[PDB]
Amino acid sequence: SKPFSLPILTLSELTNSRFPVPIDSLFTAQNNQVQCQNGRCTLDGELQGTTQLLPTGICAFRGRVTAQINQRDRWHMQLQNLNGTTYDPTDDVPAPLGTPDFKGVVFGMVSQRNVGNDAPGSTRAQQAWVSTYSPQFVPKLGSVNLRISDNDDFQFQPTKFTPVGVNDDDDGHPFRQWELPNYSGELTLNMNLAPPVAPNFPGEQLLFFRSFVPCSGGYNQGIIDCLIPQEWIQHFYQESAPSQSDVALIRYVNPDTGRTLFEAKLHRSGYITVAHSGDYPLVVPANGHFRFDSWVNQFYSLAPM
Amino acid sequence: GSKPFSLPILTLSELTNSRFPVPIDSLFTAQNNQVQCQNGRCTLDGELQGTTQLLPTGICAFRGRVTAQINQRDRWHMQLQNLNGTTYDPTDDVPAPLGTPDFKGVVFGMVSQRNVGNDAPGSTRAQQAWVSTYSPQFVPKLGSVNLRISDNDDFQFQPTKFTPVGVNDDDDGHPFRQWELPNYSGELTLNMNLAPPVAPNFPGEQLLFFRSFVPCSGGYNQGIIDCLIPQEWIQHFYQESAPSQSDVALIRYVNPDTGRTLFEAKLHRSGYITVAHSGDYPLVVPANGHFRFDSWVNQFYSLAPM
Ligand SMILES: C[C@@H]1O[C@@H](O[C@@H]2[C@@H](O)[C@@H](O)O[C@H](CO)[C@H]2O[C@@H]2O[C@H](CO)[C@H](O)[C@H](O)[C@H]2O)[C@@H](O)[C@H](O)[C@@H]1O
Ligand SMILES: C[C@@H]1O[C@@H](O[C@@H]2[C@@H](O)[C@@H](O)O[C@H](CO)[C@H]2O[C@@H]2O[C@H](CO)[C@H](O)[C@H](O)[C@H]2O)[C@@H](O)[C@H](O)[C@@H]1O
Ligand SMILES: [Mg+2]
Ligand SMILES: [Mg+2]
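The listed protein sequences derive, respectively, from chains A and B. Position one of the first sequence corresponds to residue 25 (our numbering), numbered consecutively onward. Position one of the second sequence corresponds to residue 1047 (our numbering), numbered consecutively onward.
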């Protein structure tokens, strides 16, 4: 059977699977619900949730603007899949792949390029925001509404949203990275979700790949934590190596010295635990990276951090 | 005992342009006319060249600190760091910090800041910005570029990131020219440490590009950015580092649904593709199609006409 492996990449050579920026650091969290939908992939290469392969697709939208309403979330964007194919709301997914998986405001830019009868080929771009609290944030149903900076220079044309960062809303709705949006809006229940993840062995905590993403005002730290980085997902999708057990023991190595700094459990469904108690930002050498060691079971006892 | 060379298995819509952070839209072969892009450059055995780095989010991005303001259109002086935040060394054997744009034009996107040190550390701001690679202050090799921004009154001398969104022509006779390299050290200085120019070296052959139509911020520009190999291939070759057994790999474009080979192409050691065709031609091929490595050939191999 095909041997399992990780790509060999340092933290600064990794992309966050939940927001399109590099990983900054590793962090282990005290146990308190973690159920992100981007950055979800099994070790044998099955994408889950809203996970797709392109880093530039994460928290992006593609579609057409078709209407406007007299509300702050003004511009109605009918979604396509990121690859431009028609979105099917009956698909067994929580929302179009790449849809943001947190409550907050995503800021970035919208761009348009006209087709058809009105000035075909004409383009425009400007700052925009997508609130995932909005009652018009209904990506599962096939649309989201945009806030934009200049309502007078925007048309009913093919549109792309390119994310840049996140924030709390200015009306006080907070950025909550672990709270899922309502993908079909008010009074609906999310479906086809990747399951929640949590440690299942005493003394263990989740380990995250952490980024501090851009914010657009105020003091928010911009923390987005992912379970496994995008390049690992891309690798597992390519390799599709059979999982020999429920846990891949992995070692964080300093390649300059050859030493193992600590060990961790990489679970079959695509998340990591370590043996530690308390919130702890790791501060480890810049050339460090994980390597696969061996297959173990759920009850393997890790060396403490 | 050579490690077998391979490509990742990815359809066009599962590929990222290595010269701008967007997906590939189509394949295009061009009539012969100089092609010397610096992003998206990697040898088949995994050696990154030019200004190529590994992350799609790094392509046409900048990171550093704004340190000065000048009274000109390109107003805000951004002292660059490497994209990973480490100190940039202008004496390194690269053309410019990795990720620097490799074309003449304007890149538009957003700048964001997050303060450090004593002055309101943790405070943030973000707004639209433009970087003109025609600017005499576009001197990334020397360690800085100047930014145009939307709101000059809300911008500080603090850590800054530029996130690209699209490209455009610049104003009054400075067009977006994807095959014209900027002067990385500014006027009157020669670019150095460049990835080499690429061209077909066999009669009847043309380059094949992975083409994207990127966003533009006004006007009618098509936003065409062509790359030699997509970012995921670069990432793959960097991981694999398979020895190249000749200067030319034969690759076939296959429809996995039918198992049929649609056409063949040469994938050259320095990381670019040629096909046997005459004339500008946008390919129209099945959505599930993808290249697979067939075998190592050589310069004398005559491709079947595309
Ligand atoms: C911390 C600041 O955040 C951003 O500015 C704030 C706006 O985003 C908005 O929320 O309103 C508040 C209050 O006016 C803004 O903060 C003030 O910003 C000014 C500068 O315009 C001063 O810095 C004040 O001290 C803030 O209270 C952002 O644009 C700004 O640059 C700051 O990072
Ligand atoms: C094609 C248009 O491109 C953008 O607007 C143009 C500006 O970017 C700039 O180049 O000046 C020209 C001419 O004034 C602008 O075109 C006019 O834009 C207005 C709307 O603001 C009308 O569309 C006119 O018909 C254009 O000539 C862009 O913002 C705009 O939406 C168009 O795509
Ligand atoms: Mg490994
Ligand atoms: Mg292959």
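Where a beta carbon is used, it is the ideal one built from N, C-alpha and C, also for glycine.
Residue j beta carbon less than 9 Å from that of residue i
i: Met1156 of chain B; j: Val1068 of chain B; result: no
i: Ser1052 of chain B; j: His1282 of chain B; result: yes
i: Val129 of chain A; j: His197 of chain A; result: yes
i: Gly1131 of chain B; j: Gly1104 of chain B; result: no
i: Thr1075 of chain B; j: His1323 of chain B; result: yes
i: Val168 of chain A; j: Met101 of chain A; result: yes
i: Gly246 of chain A; j: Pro253 of chain A; result: no
i: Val1140 of chain B; j: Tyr1318 of chain B; result: no
i: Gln229 of chain A; j: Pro220 of chain A; result: no
i: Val320 of chain A; j: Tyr276 of chain A; result: no
i: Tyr1284 of chain B; j: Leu1100 of chain B; result: yes
i: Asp1148 of chain B; j: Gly1096 of chain B; result: yes
i: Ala84 of chain A; j: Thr186 of chain A; result: yes
i: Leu1313 of chain B; j: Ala1295 of chain B; result: yes
i: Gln150 of chain A; j: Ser173 of chain A; result: yes
i: residue 1016 of chain B; j: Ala1142 of chain B; result: In the structure displayed, chain B extends from 1047 to 1352; residue 1016 of chain B sits before or after that span and is not available.
i: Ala310 of chain A; j: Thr34 of chain A; result: yes
i: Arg1171 of chain B; j: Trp1122 of chain B; result: no
i: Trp256 of chain A; j: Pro79 of chain A; result: no
i: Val1321 of chain B; j: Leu1254 of chain B; result: yes
i: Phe1222 of chain B; j: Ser1348 of chain B; result: no
Assigned exposure category for residue i - 16 Cβ within 10 Å defines buried
i: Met1238 of chain B; result: exposed
i: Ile1116 of chain B; result: exposed
i: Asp280 of chain A; result: exposed
i: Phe1346 of chain B; result: exposed
i: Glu1310 of chain B; result: buried
i: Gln54 of chain A; result: exposed
i: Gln1127 of chain B; result: buried
i: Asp48 of chain A; result: buried
i: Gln160 of chain A; result: buried
i: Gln1118 of chain B; result: exposed
i: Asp249 of chain A; result: buried
i: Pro328 of chain A; result: exposed
i: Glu37 of chain A; result: buried
i: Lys26 of chain A; result: exposed
i: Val154 of chain A; result: buried
i: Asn175 of chain A; result: exposed
i: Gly140 of chain A; result: exposed
i: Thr1062 of chain B; result: buried
i: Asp195 of chain A; result: exposed
i: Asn56 of chain A; result: exposed
i: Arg1257 of chain B; result: buried
i: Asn1085 of chain B; result: buried
i: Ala1175 of chain B; result: buried
i: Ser1287 of chain B; result: exposed
i: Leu106 of chain A; result: buried
task: Compile a chain-ordered list of the residues in the region 1232-1257 of chain B whose CB is closer than 9 Å to at least one CB of chain A.
output: none
- prompt: Mind listing which residues of the region 300-320 of chain A have their C-beta closer than 9 Å to chain B's C-betas, in chain order?
  reply: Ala310
message: At a CB distance below 7 Å, what residues from the region 1282-1293 of chain B approach chain A? Give them in sequence order.
response: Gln1285
message: Closer than 8 Å between beta carbons: that is the criterion. Which residues of the region 1145-1171 of chain B meet it against chain A?
response: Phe1154, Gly1155, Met1156, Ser1158, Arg1160, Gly1168, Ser1169, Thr1170 and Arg1171
- prompt: When the Cβ atoms of the region 206-214 of chain A are set against those of the region 299-311 of chain A, are three or more pairs found closer than 8 Å?
  reply: no
Three or more C-beta pairs below 8 Å linking the region 1079-1095 of chain B and the region 1155-1169 of chain B: no
query: If you scan the region 102-184 of chain A from start to end, which runs of the beta strand (DSSP E) of 3 or more residues do you find wholly inside it?
result: 129-137, 147-155 and 167-172
Interface positions of the region 33-45 of chain A facing chain B (Cβ-Cβ less than 7 Å), listed along the chain: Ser36, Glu37, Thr39, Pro44 and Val45
- request: Report yes or no: do three or more beta-carbon pairs, one from the region 1184-1204 of chain B and one from the region 1106-1120 of chain B, lie closer than 8 Å?
  value: yes
message: Under 7 Å, CB to CB, which of the residues in the region 174-194 of chain A have a partner in chain D?
response: The structure shown contains no chain D; its protein chains are A and B.
- prompt: Between the region 1174-1194 of chain B and chain A, which residues of the former have a C-beta closer than 8 Å to a C-beta of the latter?
  reply: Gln1174
In chain order, each beta strand (DSSP E) run of at least 3 residues that lies wholly inside the region 205-246 of chain A: 228-236
task: Give, in chain order, every residue of the region 76-107 of chain A whose Cβ lies closer than 8 Å to some Cβ of chain B.
output: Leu77, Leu78, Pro79, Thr80, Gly81, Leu106 and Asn107
query: Of all the residues that make up the region 234-249 of chain A, which are near chain B by a beta-carbon distance shorter than 8 Å?
result: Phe236, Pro238, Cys239, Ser240, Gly241, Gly242, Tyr243, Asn244, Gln245 and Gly246
- prompt: What beta strand (DSSP E) runs, 3 residues minimum, are completely inside the region 1280-1313 of chain B?
  reply: 1294-1301
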